[PDB]
Structures are given as C-alpha cells and as structure tokens.
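Novice: can you look at this? It's an experimental structure, sequence on top.
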Amino acid sequence: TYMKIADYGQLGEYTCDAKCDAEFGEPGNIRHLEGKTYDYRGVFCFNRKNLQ
Amino acid sequence: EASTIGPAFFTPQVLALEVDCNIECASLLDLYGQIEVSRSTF
C-alpha cells in the first residue's frame, strides 16, 4: 500500500488587518490506497536418456 | 523433448570392431616342388 496525497487545501485568506483571528480553510485528502502483485509460473519435463 | 524429434540429434558412438565372417582354405603350396623360371616357356 502507499499514500496518494490528493489536493492541498486552501489555507490562508488575506484577511483585514484588524481582526484578532484567522478564518478556517478547506482540508486536504491523502487516500491511503493499495495494490497487489501477480505471479508467473509453468513447467516442462524431460526424459533422462533422451537428454544425456 | 523425448525421442520424437529427429534421428539426427543422437550421434551414435562408432565403436572399432570389424566382423569378417569369411573363410579361406589351407594351402598345398609348400608341399609342391618349388621352382623358378625366367622366360615364359621352359
């Protein structure tokens, strides 16, 4: 699994220079998603004399 | 795979015998009276 940071939020706002507080902003998402892995296999035979 | 693939991939070891199987006789030569000629008529 791995992280997927989606979109940074809008944090600051350029407020007026009188108020004693900020103003909330939108958040960001991270979306911890996963993914699997496959396998590959097969076989093959032989005689023993017919290979010597 | 197994022997369904050509008769040319298997090199046969060539051994070094040689059967003859024929037959000669003995010889009555030494018994006969030896003699030596030089022309073609004596």
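Specialist: Nice, I can see it. Numbering: from 1, shown residues only, chains lettered A, B, ... in the order given.
Novice: chain A contacts on chain B?
Specialist: When proximity is defined by Cβ under 8 Å from any Cβ of the partner chain, chain B lies next to chain A at B:1, B:2, B:3. In this view, the C-beta of every residue, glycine as well, is placed from N, C-alpha and C.
Novice: buried ones among those residues?
Specialist: When those are checked for burial by 16 or more other Cβ atoms under 10 Å in any protein chain shown, the buried set is empty.
Novice: out of these, which are inside strands?
Specialist: Helix and strand membership here follows DSSP state E; of the residues of chain B next to chain A, not one is in strands.
Novice: tell me the one of those nearest residue B:30?
Specialist: Minimum distance to residue B:30 across the residues of chain B next to chain A is 57.6 Å, recorded for residue B:3 (Cβ to Cβ).
Novice: which ones are touching the closest one?
Specialist: If a contact means Cβ atoms under 8 Å, 6 or more residues apart in numbering or on different chains, then residue B:3 has A:47, A:50, B:10 as its contacts.
Novice: so among these, which ones count as buried?
Specialist: Using 16+ other Cβ under 10 Å, nothing in the contacts of residue B:3 comes out buried.
Novice: including distance to residue A:5 and secondary structure, could the residues you listed go into CSV?
Specialist: Supplementary listing: those in CSV, determined by distance: Cβ to Cβ, whole Å; DSSP: H, G, I helix; E, B strand; the rest coil:
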residue, distance to residue A:5, secondary structure
A:47, 58, coil
A:50, 60, helix
B:10, 65, coil
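Novice: in TSV: those, plus distance to residue B:16.
Specialist: What follows is these, written out as TSV (distance: Cβ to Cβ, whole Å):
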residue	distance to residue B:16
A:47	29
A:50	26
B:10	20
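Novice: tell me the one of those residues nearest residue A:40?
Specialist: Nearest to residue A:40, judged by Cβ to Cβ, of the contacts of residue B:3 is residue A:47 at 26.2 Å.
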